[PDB]
Amino acid sequence: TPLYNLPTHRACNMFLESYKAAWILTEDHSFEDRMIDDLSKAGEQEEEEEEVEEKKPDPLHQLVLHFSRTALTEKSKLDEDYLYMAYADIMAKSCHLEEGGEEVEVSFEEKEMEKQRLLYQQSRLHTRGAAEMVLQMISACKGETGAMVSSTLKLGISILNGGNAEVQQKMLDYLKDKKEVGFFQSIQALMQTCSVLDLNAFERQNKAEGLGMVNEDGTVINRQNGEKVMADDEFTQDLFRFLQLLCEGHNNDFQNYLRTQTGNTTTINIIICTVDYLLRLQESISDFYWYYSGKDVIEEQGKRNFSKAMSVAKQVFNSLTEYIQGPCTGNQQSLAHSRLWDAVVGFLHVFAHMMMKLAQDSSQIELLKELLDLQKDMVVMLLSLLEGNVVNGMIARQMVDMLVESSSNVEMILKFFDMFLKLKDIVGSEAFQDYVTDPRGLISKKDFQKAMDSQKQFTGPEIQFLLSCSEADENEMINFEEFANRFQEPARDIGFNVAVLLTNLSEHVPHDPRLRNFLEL
Amino acid sequence: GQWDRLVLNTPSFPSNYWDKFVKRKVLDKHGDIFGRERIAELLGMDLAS
Amino acid sequence: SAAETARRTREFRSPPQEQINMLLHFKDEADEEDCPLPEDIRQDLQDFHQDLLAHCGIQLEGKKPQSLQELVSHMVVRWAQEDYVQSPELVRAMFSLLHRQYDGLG
Amino acid sequence: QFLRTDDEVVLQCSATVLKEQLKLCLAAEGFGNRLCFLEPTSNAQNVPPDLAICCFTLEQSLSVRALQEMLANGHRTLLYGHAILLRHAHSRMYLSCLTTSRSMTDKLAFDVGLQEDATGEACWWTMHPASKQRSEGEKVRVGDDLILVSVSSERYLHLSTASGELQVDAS
Ligand SMILES: [Mg+2]
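Chains as they are written, first to last, in the deposited numbering: chain B, 3639 to 3740, 3748 to 4166; chain F, 4699 to 4747; chain V, 1987 to 2048, 2089 to 2132; chain R, 12 to 84, 97 to 194.
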């Protein structure tokens, strides 16, 4: 259908839509900082030496107490108040402009100057009732999830991005003075509303895309919606980021306050809910792996779903390391008595099987390094669990029991690390039978494969996975030297931390014959 | 080190030392990492088969 | 002389919304889109864009108010500066008005 | 206490009927008779019951079975929603549902009996909680009420109390 011949009003409407699409790629911006700056600087105009009180509040503080009064009004349902979200985004951008701004790009002096810029931006906002107003906004909503609570969580992340221990002190002081219930109930209710990946929903995700066309090409409503296997991907990450930022710096009060509350009449454990969410995520990943076990190839949508799933898992693990950071004997005993072992056995199982199955495809190496990075954060968390460990102990005994229960995956990963490390030495060996020195090297990869298969000593099988990793068009380069032995910086980094873990578990919990086999392997 | 290379190829290497099977022990120890033929040739041992 | 497949599929096989979009798309971009169309159309489009932008609160740089938006903004700032206001409806009204004059194109 | 695979476990039912607590166990002869009957051991002190006909063994437990598609080409704790495999102790046969059955409520009436080789879909049964105290993904303990559903019959494994002495059927 040609553009000519069409009535005019439909063309004008399409022009309005296209010009709206082209309208705002980037906005004026800074306008938020300009507004905050103009309201902040002249609090007080011509005083004429008239001070009825100690200090009359500037209009920024007036708006802060207006929002606090609006949140403190007792109701049954929370209204929209889109202007509140607009001001929240304005102040969040004003506070986080320096955070978004942040070889060697900057020097020490400029880095310190930008740190002072961020500190001044945070002090412009938090020397008011901002923390009280965001706590009141969180406590206002019981379990309802929306854009307003997401904006509030983003603002809370923006305030304590660099830790902001003074804001933490004010937070604890107000929580202990008010001693009210509802904040932890709202946090738990928002935690239960989080969803995971679904297999029946994934088969429904198989169906619709297969329709040849909907409306014009893909249906416009479906194409923009893209629908999802994770209804709210950002909200869970923002919630765990805010919880991490509350405990970012070593402040024991919060590591114990989250476990139990003395002033409040009801105790809600965030750590147990986090363990249950991690169990649900582990079950979802195991189900997705079992469904994808039959197929030998993974689509790009599956790659994206895995990337977001392990991003969420990495965020949860970073929150866990932040809690177990500190000496914190109570949370260490709680994780000793929790159901974390059933989660981590399945995690080790899916790590071993996904690394074994995922290694053959060369184009999926990015997902493999993401999985390896997640394993890193896991072994960092495991190392952080061993802080303050007795020689005999009971945490070390539970770790030994975990290794015994997950023996097969541990032996598999140790055997793999043995085989790829052993291969780097054999290639440096005479290897007279390959007989080639070349930029390609190119032991004809197909020709090399009969030659590679012959090893006088050690392993015949390992070379074949390597051949697949090498790019081989016309067998132009086995290039065993080029793309130097695959992912060395990535896998070598996940080897030192499983080594020091074995050294820690070997020096402690002595006289255990079951760990001797693991040490020998 | 340079002067000891002449006695390695001689068949009469063990004369005063009690162990007469040092060449076989070295061949069995380094037969897998290094080539059996090269280590055998370097220590004399003609017609190893 | 050639197939001219791309021109044909862009002109007659494309949906008309996609036709007008790709007709206009990336004309704001300086170097991209291979510079389609005559230059008077592009110049008029950029002229209207900079026109409306100057009509809004965009500075386009490259004390007296003298217009409505700065007058209203300074009125709100001075009204908040002089005294601690107590009626919440007035506070909501002035904050909404200040947001409207500050936002502009939004 | 949680139950694990490779361990011999029997299945029973405790039903108040005829104003009396009747404990019933599923017992299958194996050789000679493939169908299963029910044995009441309420008067265990008075009349001794038969034990070898009743016992069963747990072979495996898999939540998601891709094994069947591949075929078409240690001790692990049981959990809710996991399919299990039952093997007879005496006849070394596997319990399953059968297509042809005696017809009372004829549409919803499939019998249960042994088969020699576990190369079919009817062998596996999935466990679900009876009460809200235990949810899915929770470990199964001794003395907890469970409901077993065959993956092929899609039936609740019902006891028949409709004017009969005692019948067991996929209903
Ligand atoms: Mg830390």
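Ideal Cβ placement from N, Cα and C applies to all residues, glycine included.
- The secondary-structure analysis by DSSP pairs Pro152(R) across a beta bridge with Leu169(R).
- Exclusion of the five residues before and after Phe2034(V) leaves no residue of its chain whose Cβ lies closer than 6 Å to its Cβ.
- Boundaries of the beta strand (DSSP E) around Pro51(R): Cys47 to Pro51.
- Straight-line spacing of the CA atoms in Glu3861(B) and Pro2001(V) works out to 7 Å.
- Within the same chain, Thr3966 and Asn4142 come within 7 Å of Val4025(B) by CB-CB distance, once the 5 residues on both sides are set aside.
- For ligand 1, a non-hydrogen atom lies closer than 8 Å to the CB of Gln3970(B).
- The C-beta of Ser2093(V) comes no closer than 9 Å to any C-beta of chain B.
- Annotated three-state conformation of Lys3693(B) is coil, per DSSP.
- Restricting attention to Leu109(R), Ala193(R) and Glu188(R), the CA atom closest to the CA of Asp129(R) is found in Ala193(R).
- Counting along the chain, the unbroken beta strand (DSSP E) around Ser72(R) starts and ends at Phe67 to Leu73.
- Residue pairing by DSSP places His181(R) opposite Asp192(R) in a beta bridge.
- For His2035(V), the enclosing alpha helix (DSSP H) has its first and last residue at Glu2025 to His2041.
- Where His111(R) is concerned, the enclosing beta strand (DSSP E) starts and stops at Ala106 to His111.
- Secondary structure in the region 3823-3901 of chain B: the alpha helix (DSSP H) runs of 4 residues or longer, each lying completely within the stretch, are 3828-3837, 3844-3854, 3865-3870 and 3878-3891 in chain order.
- Collapsing the DSSP output to three states places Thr4708(F) in coil.
- DSSP lists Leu102(R) as the beta-bridge partner residues of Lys162(R).
- At least one C-beta of chain B is nearer than 9 Å to the C-beta of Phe4732(F).
- In chain order, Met4122 and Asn4124 place their CB closer than 7 Å to the CB of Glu4116(B), counting only its own chain and leaving out the 5 sequence neighbours on each side.
- Cβ contact annotation for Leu3701(B) (same chain, cutoff 6 Å, sequence separation greater than five): none.
- When the five nearest sequence neighbours on each side are left out, the beta carbons in the same chain lying within less than 6 Å of the beta carbon of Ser3929(B) are those of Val3841 and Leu3842, in order along the chain.
- Closest option to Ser3796(B), judged by alpha-carbon separation, among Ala3730(B), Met3652(B) and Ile4010(B): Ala3730(B).
- Judged by their CB atoms, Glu3682(B) and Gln2107(V) are nearer to each other than the 9 Å cut-off.
- Residue environment for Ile2027(V): exposed (fewer than 16 other C-beta atoms within 10 angstroms of its C-beta).
- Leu3903(B) and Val3690(B) have their alpha carbons spaced roughly 42 Å apart.
- Here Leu3923(B) is actually not in contact with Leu4028(B); their C-beta atoms are around 18 Å apart, not less than 8 Å.
- In the three-state DSSP reduction, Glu31(R) falls in the strand class (E or B).
- C-alpha of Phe4711(F) to C-alpha of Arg4703(F): approximately 11 Å in a straight line.
- Exclusion of the five residues before and after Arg3762(B) leaves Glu3736 as the residues of its chain whose Cβ lies within less than 7 Å of its Cβ.
- Here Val3957(B) carries a helix assignment [DSSP, helix/strand/coil].
- Put simply, of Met4023(B), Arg4131(B), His3982(B) and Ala3680(B) the residue whose alpha carbon is nearest the alpha carbon of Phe4065(B) is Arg4131(B).
- Using beta-carbon distances, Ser4115(B) does not count as an interface residue toward chain F, since no partner is under 9 Å.
- The CB of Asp3676(B) comes closer than 9 Å to the CB of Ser2099 and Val2103 in chain V, given here in chain order.
- Here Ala3785(B) really is in contact with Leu3716(B); their C-beta atoms are around 6 Å apart, less than 8 Å.
- Residue environment analysis places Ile107(R) among the buried positions, since at least 16 neighbouring C-beta atoms fall within 10 angstroms of its C-beta.
- At a cut-off of 9 Å between beta carbons, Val163(R) makes no contact with chain B.
- Near chain R, meaning a CB-to-CB distance below 7 Å, the residues of the region 3921-3945 of chain B are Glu3928, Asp3932, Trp3935, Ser3938 and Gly3939.
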